[PDB]
Ligand SMILES: Cc1cc2nc3c(=O)[nH]c(=O)nc-3n(C[C@H](O)[C@H](O)[C@H](O)COP(=O)(O)OP(=O)(O)OC[C@H]3O[C@@H](n4cnc5c(N)ncnc54)[C@H](O)[C@@H]3O)c2cc1C
Ligand SMILES: Cc1cc2nc3c(=O)[nH]c(=O)nc-3n(C[C@H](O)[C@H](O)[C@H](O)COP(=O)(O)OP(=O)(O)OC[C@H]3O[C@@H](n4cnc5c(N)ncnc54)[C@H](O)[C@@H]3O)c2cc1C
Ligand SMILES: Cc1ncc(C[n+]2c([C@@](C)(O)OO)sc(CCOP(=O)(O)OP(=O)(O)O)c2C)c(N)n1
Ligand SMILES: Cc1ncc(C[n+]2c([C@@](C)(O)OO)sc(CCOP(=O)(O)OP(=O)(O)O)c2C)c(N)n1
Ligand SMILES: Cc1ncc(C[n+]2c([C@@](C)(O)OO)sc(CCOP(=O)(O)OP(=O)(O)O)c2C)c(N)n1
Ligand SMILES: COc1cc(OC)nc(NC(=O)NS(=O)(=O)N(C)S(C)(=O)=O)n1
Ligand SMILES: COc1cc(OC)nc(NC(=O)NS(=O)(=O)N(C)S(C)(=O)=O)n1
Ligand SMILES: [Mg+2]
Ligand SMILES: [Mg+2]
Ligand SMILES: [Mg+2]
Ligand SMILES: [Mg+2]
Ligand SMILES: [Mg+2]
């Protein structure tokens, strides 16, 4: 039974209805930045004793913090901004949440309804702007529509395929007095009629029948299995099928397990891409067949019967036509198949040891490799030390670039929602704010931001947010003085012609620029720099043991390349296995 | 005669056609951030010996730098970004350039044409997103359309009412070989037919006739007069009409002149708002009648015959119907009226000394005032010292907030394009990157960023850009540890209830947080902090005399309020003249 | 009701539009491509592996042949009044089923689909997705131009025919052998049928005649054809129906045959909107 701060017959401001609408949704943390259009909302937030606001230093850091809050907990992330410039700073976060299917609810202030369309002070048509980069958006035109729209916003953002939902609230609606009606029915008739239903037994028995008829099955797990870690693990025990995860599906099946093929795709392991290339049954659970995994669609799984399970009917058959399809929750599809695989266990006699040994041979001949040059710190080795010292139980958020791939390859994630990274949009500056949202949603957890010197500096202002909110956010900065991912593509396909990829100072060429330690010192965050490989283990241990925030500037040779690499539009026969920029 | 780097019959990449198309437009400086979708453009930029790229540390800093480059020189500002997250970071700059009518050309990379709409890697419909926040945008669908679209983009961005134009270029178009045709005719038939024509003599003679019949005339000058400083000054000599400028029109008529009423509007001087309130002829030259100037439209210039000259026919009569209107360039309208005012000089016998003395009395009784508390530095006084030590010849870029208003009130700008500020959108984090673009376009000029502690930290990463490019950018940081503008509205209309406006550390409440000096030290920029009013003059002098970049952390008491203040929707009778937060 | 449609069947969906596969119902096996090529590929497998598969569904066909004989398409004849179903059945016989049929929208559209045996595709031109009235007469114009040596017949309704009646001038000027089998029931029959079933026969602007002269055929469609110089005739008795349709076919050039039908007829069978197979209506009309 919800206990309101107002009487059921007492009129209250629309902003007070908005905050209470969040309280009735279970919202405990918002990321709001104040402004003229949203001052009424911020005043109403102070009256709430259950909703905590984490003030960022940039609205892009506020929406990215809402993503990490959502990616690391399954709950929806709520960010609030003002009209005009405050709303336009959320654009990168909204498009990022849409491509990665992150439940998010963004509330933006707006000019009064009478001033909309008049080029008013700090007015931008944020609904027209964000319609193509959000799952759905609203423009509240009456104070009585607030309880319904907020309920519809959280329902659309969390149900089906999750995504961001923006709610634009004009200022005159926030100030208008009204008595809210919390019993209104949602006006989503076509959406609810198209919601997926529990999977039929005829579809599940046909999948189990294809498993027994197959000799080389491979599991294709992605971001749709973040809530099916137990169901997927039970499915692997009953089948013994090796698991290949996407960049979004890391942690769904433990990377340290013997049946794990780790990541597949452009920068996936050689044995994971080998398994899909020479498979006869591809179980695509919670994936969307991105070109980062398939490359050339004509050659991707060219000899496999494709079984695609997805909660979005628009994804089934988009880039590749499957043989058997199941539109619904992969969590329920696994539960239904586990019952069939257990009763009919001895009837099926499932054993793929011959196919697994074919992959174990490929795993031992082409494993993830990194070369150590003298005392220079290998970035792959540094992340491998972080795995050991944290026992693989740390929540990892990353930026975008070479460090993002090495953090995915050389860290064994035991559970999903430990791996927070921008995969669909690939937005730099995501690592640091996402670690803020993850640390708030998981206070007793080890949160480490494996960031790059280019991605870290984009939202470096959020270091002040970490200090003020006293969050134990660790920053494992892999500094290579370059935009490493773009630098790698210059060495491979452009004759190493540098085109504005060096991030240091050309005057003092051999000086670490910028001095990231002074960035942490400016915000009162203890920091240290490590350059020699021998001092690396003690430095990372000091970062973890030191209470509160900590930044570790790890210097790495910039000539390193992420391996292996399948060029864009290439096949498995075009995989690059060796080479760098020396 | 343009000299190309390729033979007229030699095929070249589409990216090389794009860069040469910029060279043929006179482009010398671009602000490009590399990415997978725009690597071909960056490779082609290195082959250009005339186009210099200023690499920012954030695309929002790149587009804001393109604004300051344009606002301080009249030339169009060119910023380049990659697809997906790089393009979405330009959104705040595009909407800011549209509301302030800043000529800007944004070039964004895009996924290959075959992959558009497939939720590809780093794909966002940037044309669908930015259609409502740009003057016009394009999606290049063929390599042969590059010479025409670039010519149309620069024409639309600089002609008529200036604005931002976005050009989305897919990657396959950048790589395709072709022979460019630089003789293509622009396909803008309806736009050129609607372009304003030179003003007719019948309209100009009717304006001059209303000037002689009026007794209390007031000039209403705005951002449309940035290229008419000489024509406007000549017009004032022949009429003796006092000049009231908007936040965008500062510098058009010198603030130090005796005939200048300084700024009008919400935070405009009392005597400027008094002149418009009690006028019989309002000469609105290059303005758009924003609610920040009018307030309540029914009471704004309620006794004046309104003469509105504007180059956009959609602005004439939008918020207020004028008596006489002239659709065209205010530069030509002033030239035509100056000829009539000089030949018919003794015939008209123009003299408004009685009306000017009525305003001089109001100027002496209600001037711009600030109170000095002990040795605490008044933010108004610090800007007044910067005016004296720079002789008013410095290019000033500001953020948004209280410091933005004090930099407009207490600095006498002698020429337009010395004042770079976000007025229409009012985007924080604009001051520092705009100073970068202004310093590049004006290397031998004094560029000072009067920023606030909240606005400065949003794009603090651009300090690395200032050091690498070795730009003599001065940062006069008015630090009040608060979001001062929002804090002021809390004291006035919300009983001083703080709602997430304090930017410091609540644990160490009386400690300056963050330590902005260490931000400059991280990027190798000399910095210093001044707290006592006596040491203020020597500190600002050290900032100016020290070559290269410099940051001056000026500590100010946060209880200061921007005065005077006309509340939203109020009239001249509701102006607040005294009060603060003590 | 999608939940009950083919509730016990493995659905195999072949379609050239990937957006249609799995939209309203999820199939077990899907093939995105041209069904023409999919049939060619399956025919080769079915012929080589013919004796290996031993395909025989005579037991399932006999189960349907029993249902076909107990519930066939039925129409009732009332005295000498012309049954609209019978008139279309006569047109099938006199044209040997080789005529190109274009229809409007309504009851006449359904009877032209039920009681005519089309031997080849592209003989049946009708608005199904949008269901636009006034489609029959102009579509017969385009079909007669694309197929000059073919028998083109417009099975139109009095409401649909009048919407684009101006195209009769186009038929005469272009000299097109367009036959108009007008099933005149003086009503918007399809909307009238739904009034009798679900609205207690409360007429809501469905009568197309003249209420002053209630028992007079209004409008006189014969004078519409006469205005455009098209020979026309009206038939009311069932005995004169066979000779009237034969005169329409044998007369060269355009021809309009005003076939008067009792308006109380209903299109059967009928499954109500959102219903299942257990809700099929098999008998009943408006008498
Ligand atoms: C620099 C860089 C390099 C990259 N390289 C790689 C790479 O080498 N390999 C790689 O895999 N990725 C890589 N990516 C990431 C990438 O572009 C995509 O995010 C990824 O390839 C696709 O993730 P996904 O298949 O799991 O689909 P997601 O984006 O995770 O979407 C989930 C899918 O499952 C479905 N779904 C969601 N919820 C449910 C549910 N409850 N039940 C059933 N279905 C559900 C959704 O409809 C959707 O189709 C890279 C990214 C970057 C920035
Ligand atoms: C915190 C804050 C407080 C503010 N308070 C104030 C305030 O107290 N006072 C104030 O004035 N502003 C204030 N503003 C700024 C503000 O919101 C608007 O930018 C400003 O009020 C309107 O500027 P403008 O009238 O010059 O029109 P602009 O935005 O400068 O547009 C120029 C106008 O002239 C026309 N034009 C352009 N070129 C030509 C040409 N060549 N010939 C003829 N016409 C042309 C255009 O069509 C357009 O209508 C504030 C902003 C902020 C962020
Ligand atoms: C907002 C934004 N702007 C530009 C981007 C285009 N990209 C990249 C990519 C993969 O998206 O290329 O398509 S990666 C990259 C450079 C990474 O700098 P680092 O942080 O130092 O990481 P590292 O460990 O050194 O490699 C750029 C510039 C991007 N994604 N986001
Ligand atoms: C991207 C962005 N986000 C939020 C904004 C909403 N606003 C403001 C306003 C006027 O737009 O209110 O409508 S001003 C302001 C706070 C100014 O912090 P400061 O830099 O310290 O300046 P000061 O000298 O102390 O006053 C905010 C939060 C904004 N405009 N831009
Ligand atoms: C342009 C147009 N306007 C109105 C229509 C709505 N409908 C119908 C329907 C099925 O679409 O109802 O949804 S059928 C119909 C009446 C048919 O008049 P008839 O020609 O005399 O045929 P009959 O042999 O008597 O039954 C109407 C009014 C329509 N489809 N098209
Ligand atoms: C807190 O700082 C400021 C500053 C400022 O101008 C200096 N004005 C305001 N307030 C309004 O503008 N109210 S309003 O007129 O209803 N708007 C158009 S809105 C919805 O807020 O964009 N707050
Ligand atoms: C430079 O860093 C990277 C990284 C990376 O993935 C790790 N891929 C690429 N290149 C492409 O993606 N080419 S592409 O396939 O034509 N694109 C979809 S696009 C237009 O570039 O977005 N560059
Ligand atoms: Mg930033
Ligand atoms: Mg780097
Ligand atoms: Mg401040
Ligand atoms: Mg489909
Ligand atoms: Mg009818």
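In order, the residues displayed for chain A correspond to 86-667 in Swiss-Prot numbering, which applies throughout.
According to its header, this structure was worked out by X-ray crystallography, 2.9 Å.
Backbone N, Cα and C define each Cβ position, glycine as well.
When A:164, A:340 are compared in Swiss-Prot, the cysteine sulfinic acid (-SO2H) annotation sits on A:340.
Mg(2+) is bound by A:565, A:567 in Swiss-Prot, and the record lists one more residue there from A:538, A:576, A:590, which is A:538.
Looking at A:414-446, A:447-479, A:480-512, the range tied to coiled coil in Swiss-Prot is A:414-446. For residue A:508 (FAD binding site), the nearest neighbour among the listed binding-site residues (A:487, A:539, A:569), judged by C-alpha distance, is A:487. For the Mg(2+) site, the Cβ centre of A:538, A:565, A:567 serves as reference, and the other residues of the chain with Cβ at most 8 Å from it are A:537, A:539, A:563, A:564, A:566, A:568, A:569, A:572, A:588, A:641, A:643. Of all the binding-site residues listed (A:246, A:567), A:246 has the fewest other CB atoms within 10 A of its CB. Proximity to chain B, taken as a Cβ less than 8 Å from one of its Cβ atoms, holds for none of the recorded positions A:220, A:340, A:396, A:538. Residue A:144 (thiamine diphosphate binding site) sits 20 Å from residue A:220 ((R)-imazaquin binding site), taking the C-alpha atoms as the reference points. Proximity note: of the listed binding-site residues (A:220, A:565, A:567), A:565, A:567 have a CA within 10 Å of the CA of residue A:538 (Mg(2+) binding site), given in sequence order. Taking only the Cα positions, the spacing between residue A:569 (thiamine diphosphate binding site) and residue A:374 (FAD binding site) is 26 angstrom. Note on proximity: among A:340, A:350, A:371, A:396, the recorded positions of the record, the Cα nearest residue A:511 (thiamine diphosphate binding site) is that of A:350. Counting in whole angstrom, residue A:539 (thiamine diphosphate binding site) lies 24 from residue A:350 (FAD binding site) by their C-alpha atoms. For ligand 1, the neighbouring binding-site residues among A:246, A:396, A:511, A:538, A:565 are A:246, A:396, A:511, by Cβ distance under 6 Å. Comparing the Cα of residue A:331 (FAD binding site) with the Cα of every entry in A:220, A:340, A:513, A:565, these being the recorded positions, the smallest distance points to A:340.
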